[PDB]
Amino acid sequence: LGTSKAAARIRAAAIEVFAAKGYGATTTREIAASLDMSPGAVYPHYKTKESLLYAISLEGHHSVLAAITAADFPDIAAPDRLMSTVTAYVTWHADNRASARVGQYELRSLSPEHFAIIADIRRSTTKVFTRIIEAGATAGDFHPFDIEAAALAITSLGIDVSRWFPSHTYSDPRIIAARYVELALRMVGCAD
């Protein structure tokens, strides 16, 4: 993706602006201006709006993938793996909700090459959960009705956190993750 704090700063500002004015209505000029720069100050980093959205979406998709992957430990029991990855997944989605929304909701705006790369990262994200669920089935820890349905439901819950969070009940990521951990274990038919 790159490493420039200058680019990172443009992406952060674009997220805020994309969230405020809508992606289709905002221009890079809004963004560079909001950062007190000349409109051409973004061009070195992002030649097009779409390039900037792709950077945001890639960053976000890779980050949540990196998060749950680092949270998975194939040397521990499957239920513990599921607690850990669900915790990291839900927490990520609460903490990075603004970036997550921009990444998720504007996929229709990505070029074909960029869309195919993002979809591939999304497939990998789900597969982290399916592997864990499979592992537990193999060990007799889990008794899923349907492994793919279970992985979908879990990925779906984490992603939707970025929409509704924070609520009056759930404003602490740790509390929502704990609740969703209990439900995920129940979903895959693990003992309590």
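Note that residue numbering begins at 1 and tracks the sequence as displayed.
**Q** On average, are the C-alpha B-factors higher in 28-36 or in 53-61?
**A** Of 53-61 and 28-36, the stretch with the higher C-alpha B-factor average is 28-36.
**Q** Tell me which stretch, 180-188 or 15-23, has the higher mean Cα B-factor listed in the entry.
**A** The entry gives the higher C-alpha B-factor average to 15-23.
**Q** Using the B-factor values recorded in the entry, state whether the Cα atom of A88 falls in the lowest, middle or highest third among the modelled residues of its chain.
**A** Ranked within chain, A88 CA B lands in the lowest tercile.
**Q** Ranking the modelled residues of this chain by C-alpha B-factor as given in the entry, is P112 in the lowest, middle or highest third?
**A** As the PDB entry reports it, the C-alpha B-factor of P112 lands in the lowest third of its chain.
**Q** Please place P44 in the lowest, middle or highest third of its chain by C-alpha B factor as given in the entry.
**A** Highest third of the chain for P44's C-alpha B-factor.
**Q** Which third, lowest, middle or highest, does the C-alpha temperature factor of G158 belong to within its own chain?
**A** Its C-alpha B-factor, which the entry lists for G158, ranks in the lowest third among residues of this chain.
**Q** Name the third of the chain's ranked CA B-factors that contains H168, choosing lowest, middle or highest.
**A** As the PDB entry reports it, the C-alpha B-factor of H168 lands in the highest third of its chain.
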